[PDB]
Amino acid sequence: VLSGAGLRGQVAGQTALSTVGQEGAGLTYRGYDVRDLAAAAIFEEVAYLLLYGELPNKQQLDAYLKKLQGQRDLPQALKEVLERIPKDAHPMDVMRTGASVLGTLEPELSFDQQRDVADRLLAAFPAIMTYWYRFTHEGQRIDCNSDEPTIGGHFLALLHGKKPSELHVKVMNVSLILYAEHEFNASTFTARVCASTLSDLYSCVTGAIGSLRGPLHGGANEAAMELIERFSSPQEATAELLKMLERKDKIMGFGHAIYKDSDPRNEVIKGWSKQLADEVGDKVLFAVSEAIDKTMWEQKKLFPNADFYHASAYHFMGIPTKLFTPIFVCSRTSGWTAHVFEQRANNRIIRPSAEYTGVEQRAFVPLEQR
């Protein structure tokens, strides 16, 4: 074990995009409290804030909506590629492959195009995900356009093939805002390391997706879903959690490496998951989640992080569990691409060295003398 393992606390670069765990608002995007943005904005306002630098006025926002709405369809060649990705593929590999292939079809030929490419990814990723999913799981080639004006509603229209409820559109917008940006985590760092070699925007995103695929980084809301779905009463969940804690099982969705007393994103999504539970008539899943939440506080003094109540919220909107991390990609692409533009404008980055722990120099031995 090396003292500098993981680069914990070592400055790898500079950012104006966000601050996590600082005094005042626990999470800000260009100085705005994420809880304010999630309550009062659509995700396009927040993507615009990250990528273009300021909250848009009504005419900037309308223009941006129109632009994204014209960028939702997939090229024919990309549809043909997604049809050949197996049904049992990891959905994050589908996202990774879609980004990789789109980079060959619509290349970033100059960094002048970088915001057009980021906007294209934000507009097309919901179709990359759902065109593959419904082709392989339902045997249907879907329309990649929809009548929904926002990314969040468009995703639900593609997934379910019907007009989403206004509550469901709202909570999708809330979720995409909540996950949009989180400073220098593993996938944002991967995107910036790639950006530092002056590689193209599709490479940076494809790299970031691969890092988010690892279970120490992505998939915590899927793990929370796999816990809460086990129980048919909140009292069964409590009794079983008490046994898991005695075994020192790690309970995903609880605690945080940076937040000290609460994750600002939790209070937001918890409230919206409660509204969804009431709308859809749920009598078990939200109550199960609350009981686990209460038991984790009483036994371990751990608060729920952003991943815990996202599990139930997505489930109430009909979203298959294996599409949760792909939804995170649709959101966090805004922060990732914004971090790439910062790296390109101010290309300063840490260059780590290694400590050699191998063998001393040794003479070469010929093949037959081995």
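A residue's number is simply how far along the shown sequence it sits, counting from 1.
In this entry, 101 to 109 has the higher mean Cα B-factor, the comparison being between 189 to 197 and 101 to 109. Between 332 to 340 and 54 to 62, the higher mean Cα B-factor belongs to 54 to 62. Within the group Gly207, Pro126, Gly281, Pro91, the record's highest C-alpha temperature factor is found at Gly281. Within the group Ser289, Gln114, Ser232, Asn173, the record's highest C-alpha temperature factor is found at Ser232.
The PDB entry assigns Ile350 a C-alpha temperature factor belonging to the highest third of its chain's modelled residues.
For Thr130, the recorded CA B-factor ranks within the lowest third of the chain. Only modelled residues enter the ranking.
When all modelled residues of the chain are sorted by CA temperature factor, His315 is found within the middle third. When all modelled residues of the chain are sorted by CA temperature factor, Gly271 is found within the middle third. Sort the chain's modelled residues by C-alpha temperature factor and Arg72 lands in the lowest third, per the entry.
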